[PDB]
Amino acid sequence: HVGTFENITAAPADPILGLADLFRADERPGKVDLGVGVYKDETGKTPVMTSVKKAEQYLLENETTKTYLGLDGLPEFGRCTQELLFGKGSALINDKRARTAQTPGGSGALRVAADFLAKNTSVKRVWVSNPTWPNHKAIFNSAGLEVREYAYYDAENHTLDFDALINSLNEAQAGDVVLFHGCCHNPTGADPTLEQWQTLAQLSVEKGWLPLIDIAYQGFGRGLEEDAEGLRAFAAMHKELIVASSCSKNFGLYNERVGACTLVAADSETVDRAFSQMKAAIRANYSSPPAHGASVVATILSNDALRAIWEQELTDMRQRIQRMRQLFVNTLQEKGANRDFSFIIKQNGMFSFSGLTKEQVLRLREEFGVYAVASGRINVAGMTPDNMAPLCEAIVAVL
């Protein structure tokens, strides 16, 4: 009997992992990695947030069991998530139209949503922005759902091309899912304005789309409440939606895998039926979600003092990113960049497309030790006041 594994073709190597290996091995003291995928502070560290350490100490001192929770995880975490998303006092919450399952990250939320849709609805297609989070396609395709792209970013002019977006979505059919990033669009940082969100929400009702809001950076754009405006505009207008949320970034809990999938339906009975089937999708996967990260989040959010410490930290991170965006633009100018980069201070979150070509990206790495991913995506949290001048001089040199 030939082996079952004998003829498996290897998956393609992950180019980003390859770059990370090269960076690690690079002995040049001037090296900088703008290709990283997480927040870093001014010292280049991704620390554990103080509020998180305090919560972890409280859990250590008070947890008396690790017995299983249900398929939806920790109820307090679900309620805290819903309040962050919709606002405490939301008519949606008051009307009992939402149910939330804690999941292993936003990634887990997306897969659970995909499996739920594929097994229980007539959804055939999920529409995602061009560009979008790289992992969206694989997740939805794994559930047998087709993924189509809609127009979003104008790369030459560095804008969200809203008219192109709405026209391209005329191809989406009633009952298709259309996925929108809630804030800090990844990787462009180009977000709809509130008025644009309101236009999209109205269009979505008219066309019969099922919106799926992927929100992974609440608090990184303009603030917690502001960053939820787009989601809340959809929530005001729709009978149904799905939200995939993550606490990986805004709580610095990346490796603990903390996020949620929230269903909204027209009434309590409907959302309960749908949620029962979502649970079934979870039961066929990992069953119950990982407790530690969700416990941490619930511990912080339910305590006024800890919550204040967390909010201040998150504010500090948002403001550092904004400072680096401003400093990057000003430093490119002082280093004599031969074109305008002001789009950088019109974008939200830690990611933007630099507008550099793959050739310029390669040259930056080989000649200057400045690392970015092939798409030209850069993470401004990889910038500091101390590394800004040489990295801008390098960029200017390849333009």
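One rule holds for the numbers: they count along the sequence shown, beginning at 1.
Higher-B stretch (mean Cα B-factor, as the entry records it), 313 to 321 or 232 to 240 = Of 232 to 240 and 313 to 321, the stretch with the higher C-alpha B-factor average is 232 to 240.
Going by the average Cα B-factor in the PDB entry, point out whether 159 to 167 or 86 to 94 comes out higher.
-> So the stretch with the higher mean C-alpha B-factor is 86 to 94.
Report the option among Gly175, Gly252, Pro211, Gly106 whose CA atom has the maximum B-factor in the deposited record.
-> Out of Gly175, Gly252, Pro211, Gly106, the record gives the largest C-alpha B-factor to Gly175.
Looking at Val370, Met350, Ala374, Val36, which has the highest CA B-factor as recorded?
-> Checking the PDB record, the top C-alpha B-factor among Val370, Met350, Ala374, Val36 is at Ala374.
Could you say whether, by C-alpha temperature factor, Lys124 belongs to the lowest, middle or highest third of its chain?
-> CA B-factor rank for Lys124: highest third.
C-alpha B factor of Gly382, ranked within the chain: lowest, middle or highest third?
-> As the PDB entry reports it, the C-alpha B-factor of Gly382 lands in the lowest third of its chain.
Where does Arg283 sit by CA temperature factor within its chain: lowest, middle or highest third?
-> For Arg283, whose C-alpha B-factor we compare with every modelled residue in the chain, the answer is the lowest third.
Assigned third (lowest, middle, highest) for the C-alpha B factor of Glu195 = CA B-factor rank for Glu195: highest third.
With respect to C-alpha B-factor, does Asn141 fall in the lowest, middle or highest third of the chain as deposited?
-> According to the entry, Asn141 has a C-alpha B-factor in the chain's lowest third.
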